[PDB]
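A quick write-up on the structure given underneath.
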Amino acid sequence: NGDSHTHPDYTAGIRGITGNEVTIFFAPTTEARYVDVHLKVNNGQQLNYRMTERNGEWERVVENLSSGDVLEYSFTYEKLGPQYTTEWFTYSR
Ligand SMILES: [Br-]
Ligand SMILES: [Br-]
Ligand SMILES: [Br-]
Ligand SMILES: [Br-]
């Protein structure tokens, strides 16, 4: 049930889907000094978080999406000094 999106700089998407959580992941092709995620649920307010780094990947757990919840998410990632921001991706729980 997870989703992946690919760009030469990254694979990113949703993984780790359980009844009470999903994980937004961002796996860059070049090591990043930091990655932020921007998210909204059912078109609510935008929330911004520094992702957690683990083994060269970056993660954010989103808890308590009910079935039918729409999660929209974008990233700002560092690469070799500057940072870059993606489009908004969509996931339906
Ligand atoms: Br893909
Ligand atoms: Br690298
Ligand atoms: Br944060
Ligand atoms: Br967009």
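Starting from 1 in every chain, residues are counted up; chains themselves are A, B, ... following the order of the structure tokens, and ligands are numbered from 1 as listed.
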
- Task: With a distance cut-off of 12 Å and only C-alpha atoms, select the neighbouring residues of residue A:60, excluding the residue or stretch itself and same-chain residues fewer than 3 positions from it, and output the selection as a ChimeraX atom specification.
- Result: /A:12-16,21-26,35-39,47-54,57,63,73-75

- Item | Expected answer as a ChimeraX atom specification: strand (DSSP E) residues in chain A | /A:3-7,10-15,21-28,35-41,47-50,52-54,57-63,70-78,83-85,89-92

Using C-alpha atoms, can you write the selected residues to a file as a CSV table (one decimal), in the first residue's frame?
chain,number,residue,atom,x,y,z
A,3,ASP,CA,3.7,5.3,-2.5
A,4,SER,CA,7.0,6.4,-4.1
A,5,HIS,CA,7.9,9.4,-6.1
A,6,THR,CA,11.2,9.7,-7.9
A,7,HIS,CA,13.4,12.5,-9.1
A,10,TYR,CA,15.5,11.6,-4.3
A,11,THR,CA,13.0,8.8,-3.8
A,12,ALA,CA,10.2,10.1,-1.5
A,13,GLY,CA,6.9,8.9,-0.4
A,14,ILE,CA,4.8,7.0,2.2
A,15,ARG,CA,5.9,3.8,3.9
A,21,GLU,CA,0.6,5.7,11.6
A,22,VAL,CA,2.4,6.2,8.3
A,23,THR,CA,5.9,7.3,7.6
A,24,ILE,CA,6.8,10.0,5.2
A,25,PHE,CA,10.3,9.2,3.8
A,26,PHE,CA,12.8,11.1,1.8
A,27,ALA,CA,15.9,9.2,0.5
A,28,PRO,CA,18.2,11.6,-1.4
A,35,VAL,CA,15.4,17.9,5.0
A,36,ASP,CA,12.2,19.6,6.1
A,37,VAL,CA,8.7,18.3,5.3
A,38,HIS,CA,5.7,20.5,4.8
A,39,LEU,CA,2.3,18.8,5.3
A,40,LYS,CA,-1.4,19.2,5.5
A,41,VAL,CA,-4.2,16.8,6.2
A,47,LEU,CA,2.7,22.1,9.4
A,48,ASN,CA,6.5,22.2,8.9
A,49,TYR,CA,8.9,19.8,10.5
A,50,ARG,CA,12.6,19.0,10.4
A,52,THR,CA,14.7,12.8,11.3
A,53,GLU,CA,17.8,11.3,9.7
A,54,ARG,CA,18.5,7.7,9.8
A,57,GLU,CA,17.3,8.6,4.7
A,58,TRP,CA,14.9,11.2,6.4
A,59,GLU,CA,11.6,10.3,8.1
A,60,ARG,CA,8.5,11.9,9.6
A,61,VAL,CA,5.8,9.8,11.3
A,62,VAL,CA,2.3,11.0,10.8
A,63,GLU,CA,0.0,9.6,13.5
A,70,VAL,CA,-5.9,13.0,2.6
A,71,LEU,CA,-2.2,13.8,3.4
A,72,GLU,CA,-0.4,16.3,1.2
A,73,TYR,CA,3.3,16.7,1.6
A,74,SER,CA,6.3,18.5,0.1
A,75,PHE,CA,10.0,18.8,0.9
A,76,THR,CA,12.7,21.3,1.2
A,77,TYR,CA,16.1,19.5,1.0
A,78,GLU,CA,19.6,20.7,1.1
A,83,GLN,CA,18.2,24.0,-0.8
A,84,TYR,CA,15.4,23.0,-3.1
A,85,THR,CA,11.7,22.6,-2.6
A,89,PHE,CA,2.5,15.1,-3.3
A,90,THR,CA,-0.8,13.5,-2.2
A,91,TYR,CA,-1.6,10.3,-0.3
A,92,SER,CA,-5.0,9.0,0.6

- Within 7 Å of ligand 2, which residues show up when you count only C-alpha atoms and all ligand atoms? List them as a list in words, please.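 I would give the residues around ligand 2 as residues 29, 30 and 31 of chain A.
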
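Compared by their closest atoms to residue A:17, and using only C-alpha atoms, the residues A:33, A:44, A:64, A:88 rank with A:64 nearest.
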
- Minimum-distance residue to ligand 1, chosen among A:66, A:18, A:34, A:8 (using only C-alpha atoms and all ligand atoms): A:8
